[PDB]
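Asks: Take this structure first; my questions come after.
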Amino acid sequence: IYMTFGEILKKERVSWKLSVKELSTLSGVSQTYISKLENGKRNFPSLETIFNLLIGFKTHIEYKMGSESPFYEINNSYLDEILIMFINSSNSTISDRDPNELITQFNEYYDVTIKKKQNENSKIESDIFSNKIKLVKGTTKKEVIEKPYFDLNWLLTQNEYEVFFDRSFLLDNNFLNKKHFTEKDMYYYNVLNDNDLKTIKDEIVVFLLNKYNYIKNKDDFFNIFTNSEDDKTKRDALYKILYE
Amino acid sequence: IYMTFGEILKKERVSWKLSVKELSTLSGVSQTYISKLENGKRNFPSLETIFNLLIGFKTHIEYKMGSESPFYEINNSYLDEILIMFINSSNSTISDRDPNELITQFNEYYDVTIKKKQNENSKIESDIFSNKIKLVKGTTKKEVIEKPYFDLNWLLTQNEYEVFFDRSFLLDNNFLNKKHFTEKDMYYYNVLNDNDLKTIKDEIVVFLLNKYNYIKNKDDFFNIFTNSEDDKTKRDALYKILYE
Amino acid sequence: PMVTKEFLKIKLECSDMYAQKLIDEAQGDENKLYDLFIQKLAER
Amino acid sequence: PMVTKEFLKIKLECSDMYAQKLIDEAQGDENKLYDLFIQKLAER
């Protein structure tokens, strides 16, 4: 006794603690259409929207469980066993149920999609590189922004605007014995001074550097990482910058 | 032999390493009018624009030298000796040169201005409090923004968007042995993980707490600090929250 | 094991099927598995 | 002192007149002044 496509989708979406919005961001599909598919207010969907939803879970799973080798195989095998479960739905309109035709068709649809995405990135390589990007947490879904507000390094190093903390661990002026209260700094006592910012930047610069791996050339390492060159060819080239 | 008002303004503006833009932000006065006054493409200005420019230097000096008691007196006395120098310009149109009338008039113009500013702040107390503000560095000049992007605490604690570092101390995934390269994370290898962010937040929470002074009540401490209550009355009240 | 790997479904917050596909790796050899069973489940 | 407090004008980046109004505090008593002369000029 099989469940309907809508029932199956809701089971998976919920079991991964994803909201309709969250999955609609991870996938091309609208909040409204997702919802309607799960109710049965929309019939069994197109094969292309099915592939889009799987691409949705694909992005998430890789965020959560990881792209690592031990999970890499588990993930590819999983997404396949779901793609079959969908086209074997009680209300399915797919009798070409030869899995290996669909599984291969999905991998050949995914690849086509990657290329489009990378072409669209290449156009805004400037703003991607300079971190002038608003990237929804968990997702590869992004929106270009006027400055790199979400770059922690930039926030600490920029001289354009005052940086604050919560209205808590404040009185960053230990000099609270100044007679008439600093003009309009009865509002902005949260402002970190230039000294503090550089001490915090150095703290983090150390912390990160005795883990991970410092990159000598930025322009270069990025430029080789983002292109239509073979995976196994460029991994060598990345290791060359990390170990000369 | 006196210098013209324009010559005097440029001398002070430059001696404080302020740009026409910088001073035009600190003061109500436009970039264009400042420039024209310094050339003599504009005649001796109104008394009200003179007061505005001094208010400009006032804000800056307090940022640079400090509102502290030893400098508080130096600052008030300085701004006065400049207000006289301006109205004693070679091209001055002020023969009511009784300093104590102008000095008092300026202090009574400043006070009027403070009230207006605080009234205008009160309207947006919400966005000021929640740090949804873009405050030009050095200045009290601010612009309301949709989120508290410049609040360092919020950036580290929020779950809406990925946080980056410079394209340097990266490969935040030590797992660079994952076969086919993490989908579209050949672009976003700069993303700090949830673990790192909390370690950096705690680092800073410690650093700040063994200096400065933690504030128990935010709503309260802020609400009493921002109002038309006497300075000497509220200083007592602030010390009460810092020391019970 | 039995059906007492609801623990994985809840802590990793992954689907029932995925929690099985984990068990499926070195299945019955939970001893052999523990090296990987305690990897992303460790530094989490 | 003399006119060799261009040093203050440059490091503090303050106006000639303000650099004098600093000297004016405990003026001639640069000894007495050093306690405040080395305050905002110290932790800078």
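All residue names refer to the structure tokens as shown: chains lettered A, B, ... in order, residues numbered from 1 in each chain, ligands numbered from 1 in order.
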Which neighbours of residue A:140 fall inside 9 Å, counting only C-alpha atoms, when residues of the same chain fewer than 3 positions from it are skipped, and could you give them as a ChimeraX atom specification?
Replies: /A:26,59,135-137 /B:183-185,188
Asks: I need the chosen residues saved as an mmCIF file, in the first residue's frame, with N, CA and C atoms.
Replies:
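Okay, part21.cif is ready:
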data_model
loop_
_atom_site.group_PDB
_atom_site.id
_atom_site.type_symbol
_atom_site.label_atom_id
_atom_site.label_comp_id
_atom_site.auth_asym_id
_atom_site.auth_seq_id
_atom_site.Cartn_x
_atom_site.Cartn_y
_atom_site.Cartn_z
ATOM 1 N N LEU A 26 15.592 26.480 -0.930
ATOM 2 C CA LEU A 26 16.540 25.414 -1.361
ATOM 3 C C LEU A 26 16.206 24.952 -2.782
ATOM 4 N N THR A 59 21.041 19.984 -1.745
ATOM 5 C CA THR A 59 21.760 21.149 -1.158
ATOM 6 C C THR A 59 21.755 21.040 0.372
ATOM 7 N N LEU A 135 23.743 35.655 1.437
ATOM 8 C CA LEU A 135 23.586 34.197 1.195
ATOM 9 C C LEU A 135 22.718 33.598 2.307
ATOM 10 N N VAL A 136 21.484 33.202 1.982
ATOM 11 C CA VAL A 136 20.516 32.596 2.947
ATOM 12 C C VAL A 136 21.203 31.402 3.619
ATOM 13 N N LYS A 137 21.165 31.344 4.954
ATOM 14 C CA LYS A 137 21.923 30.348 5.758
ATOM 15 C C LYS A 137 21.383 28.948 5.452
ATOM 16 N N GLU B 183 28.963 21.025 -4.012
ATOM 17 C CA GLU B 183 28.144 21.794 -4.988
ATOM 18 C C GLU B 183 28.153 23.278 -4.610
ATOM 19 N N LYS B 184 28.641 24.139 -5.511
ATOM 20 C CA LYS B 184 28.578 25.620 -5.388
ATOM 21 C C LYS B 184 29.214 26.098 -4.074
ATOM 22 N N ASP B 185 30.009 25.252 -3.410
ATOM 23 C CA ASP B 185 30.833 25.628 -2.228
ATOM 24 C C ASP B 185 32.308 25.591 -2.649
ATOM 25 N N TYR B 188 31.718 29.524 -1.902
ATOM 26 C CA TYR B 188 31.462 29.884 -0.483
ATOM 27 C C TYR B 188 32.201 28.913 0.446
#
Asks: Fewer than 2 positions away in the same chain doesn't count, so skip those; otherwise give me all residues within 6 Å of stretch 90-107 of chain A, counting only C-alpha atoms, as a PyMOL selection string.
Replies: chain A and resi 2-4+87+109-110
Asks: Using only C-alpha atoms, I'd like every residue of chain D that has an atom within 12 Å of chain A; please write them out as a list in words.
Replies: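 So the residues of chain D near chain A are residues 39, 40, 43 and 44 of chain D.
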Asks: Include N, CA, C and O atoms and write out the residues we just selected as an mmCIF file, in the first residue's frame.
Replies:
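Generated output (result_5.cif):
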data_model
loop_
_atom_site.group_PDB
_atom_site.id
_atom_site.type_symbol
_atom_site.label_atom_id
_atom_site.label_comp_id
_atom_site.auth_asym_id
_atom_site.auth_seq_id
_atom_site.Cartn_x
_atom_site.Cartn_y
_atom_site.Cartn_z
ATOM 1 N N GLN D 39 47.844 61.008 29.384
ATOM 2 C CA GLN D 39 46.528 60.403 29.745
ATOM 3 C C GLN D 39 45.833 59.900 28.471
ATOM 4 O O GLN D 39 45.915 58.684 28.205
ATOM 5 N N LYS D 40 45.176 60.790 27.717
ATOM 6 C CA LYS D 40 44.602 60.487 26.376
ATOM 7 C C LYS D 40 45.755 60.361 25.373
ATOM 8 O O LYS D 40 45.556 59.726 24.321
ATOM 9 N N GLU D 43 47.018 56.161 26.406
ATOM 10 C CA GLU D 43 46.184 54.992 26.005
ATOM 11 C C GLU D 43 45.760 55.113 24.531
ATOM 12 O O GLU D 43 45.099 54.176 24.039
ATOM 13 N N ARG D 44 46.116 56.217 23.859
ATOM 14 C CA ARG D 44 45.930 56.408 22.392
ATOM 15 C C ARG D 44 46.599 55.256 21.628
ATOM 16 O O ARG D 44 47.646 54.727 22.005
#
Asks: Tell me which protein, DNA and RNA residues are within 12 Å of residue B:33, counting only C-alpha atoms, leaving out same-chain ones fewer than 4 positions away, and put them as a PyMOL selection string.
Replies: chain B and resi 6+20-21+23-24+27-29+37-46+49-50+53
Asks: For chain A, work out the contacting residues on chain B at 7 Å, counting only C-alpha atoms, and write them as number ranges by chain.
Replies: B: 67-69, 134-137, 140, 149-153, 155, 159-172, 174-175, 177-182, 184, 186-187, 200, 204, 208-209, 212-215, 218, 225-226, 231
Asks: Residues near residue A:18, anyone? I mean within 12 Å using only C-alpha atoms, not counting same-chain ones fewer than 6 positions away, as a list in words.
Replies: residues 9, 10, 11, 12, 24, 25, 26, 27, 56, 57, 60, 61, 64, 138 and 139 of chain A; 13, 14 and 15 of chain C
Asks: Can those selected residues be exported to a file as a PDB file, in the first residue's frame so that it contains N, CA and C atoms?
Replies:
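See out00.pdb below for the written result:
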ATOM      1  N   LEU A   9       6.225  13.627   0.107  1.00  0.00           N
ATOM      2  CA  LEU A   9       6.980  14.911   0.132  1.00  0.00           C
ATOM      3  C   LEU A   9       6.968  15.482   1.554  1.00  0.00           C
ATOM      4  N   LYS A  10       5.778  15.603   2.150  1.00  0.00           N
ATOM      5  CA  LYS A  10       5.574  16.135   3.525  1.00  0.00           C
ATOM      6  C   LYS A  10       6.372  15.289   4.526  1.00  0.00           C
ATOM      7  N   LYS A  11       6.351  13.959   4.381  1.00  0.00           N
ATOM      8  CA  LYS A  11       7.093  13.019   5.267  1.00  0.00           C
ATOM      9  C   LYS A  11       8.578  13.400   5.268  1.00  0.00           C
ATOM     10  N   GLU A  12       9.180  13.523   4.081  1.00  0.00           N
ATOM     11  CA  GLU A  12      10.621  13.851   3.899  1.00  0.00           C
ATOM     12  C   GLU A  12      10.888  15.284   4.371  1.00  0.00           C
ATOM     13  N   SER A  24      11.336  25.777  -0.222  1.00  0.00           N
ATOM     14  CA  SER A  24      11.006  26.635  -1.391  1.00  0.00           C
ATOM     15  C   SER A  24      12.192  27.544  -1.731  1.00  0.00           C
ATOM     16  N   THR A  25      13.074  27.816  -0.764  1.00  0.00           N
ATOM     17  CA  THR A  25      14.337  28.579  -0.966  1.00  0.00           C
ATOM     18  C   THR A  25      15.403  27.647  -1.552  1.00  0.00           C
ATOM     19  N   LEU A  26      15.592  26.480  -0.930  1.00  0.00           N
ATOM     20  CA  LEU A  26      16.540  25.414  -1.361  1.00  0.00           C
ATOM     21  C   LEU A  26      16.206  24.952  -2.782  1.00  0.00           C
ATOM     22  N   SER A  27      14.915  24.950  -3.132  1.00  0.00           N
ATOM     23  CA  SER A  27      14.376  24.495  -4.441  1.00  0.00           C
ATOM     24  C   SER A  27      13.797  25.694  -5.199  1.00  0.00           C
ATOM     25  N   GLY A  56      16.735  20.496  -4.104  1.00  0.00           N
ATOM     26  CA  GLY A  56      16.461  21.172  -2.822  1.00  0.00           C
ATOM     27  C   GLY A  56      17.031  20.395  -1.647  1.00  0.00           C
ATOM     28  N   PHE A  57      16.574  19.153  -1.458  1.00  0.00           N
ATOM     29  CA  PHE A  57      17.054  18.219  -0.404  1.00  0.00           C
ATOM     30  C   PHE A  57      18.563  18.008  -0.566  1.00  0.00           C
ATOM     31  N   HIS A  60      20.588  20.801   0.978  1.00  0.00           N
ATOM     32  CA  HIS A  60      20.401  20.757   2.454  1.00  0.00           C
ATOM     33  C   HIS A  60      21.250  19.632   3.051  1.00  0.00           C
ATOM     34  N   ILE A  61      20.975  18.391   2.641  1.00  0.00           N
ATOM     35  CA  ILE A  61      21.677  17.156   3.103  1.00  0.00           C
ATOM     36  C   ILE A  61      23.191  17.406   3.136  1.00  0.00           C
ATOM     37  N   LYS A  64      24.032  19.687   5.969  1.00  0.00           N
ATOM     38  CA  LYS A  64      23.792  19.009   7.272  1.00  0.00           C
ATOM     39  C   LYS A  64      24.811  17.880   7.470  1.00  0.00           C
ATOM     40  N   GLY A 138      22.285  27.999   5.186  1.00  0.00           N
ATOM     41  CA  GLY A 138      21.963  26.613   4.795  1.00  0.00           C
ATOM     42  C   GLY A 138      21.953  26.436   3.287  1.00  0.00           C
ATOM     43  N   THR A 139      21.538  27.470   2.548  1.00  0.00           N
ATOM     44  CA  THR A 139      21.253  27.413   1.091  1.00  0.00           C
ATOM     45  C   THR A 139      22.443  27.955   0.295  1.00  0.00           C
TER      46      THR A 139
ATOM     47  N   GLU C  13      18.738  14.919  13.002  1.00  0.00           N
ATOM     48  CA  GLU C  13      17.529  15.556  12.411  1.00  0.00           C
ATOM     49  C   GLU C  13      17.402  15.134  10.943  1.00  0.00           C
ATOM     50  N   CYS C  14      17.732  13.876  10.629  1.00  0.00           N
ATOM     51  CA  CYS C  14      17.698  13.304   9.254  1.00  0.00           C
ATOM     52  C   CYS C  14      16.508  12.348   9.111  1.00  0.00           C
ATOM     53  N   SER C  15      16.133  12.027   7.868  1.00  0.00           N
ATOM     54  CA  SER C  15      14.961  11.180   7.519  1.00  0.00           C
ATOM     55  C   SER C  15      15.195   9.740   7.988  1.00  0.00           C
TER      56      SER C  15
END
Asks: Excluding residue D:8 and any residue of its chain fewer than 4 positions from it, enumerate the residues within 12 Å of it, using only C-alpha atoms, and give them as a PyMOL selection string.
Replies: (chain B and resi 15-16+65) or (chain D and resi 1+3-4+12-23+37-38+40-41)
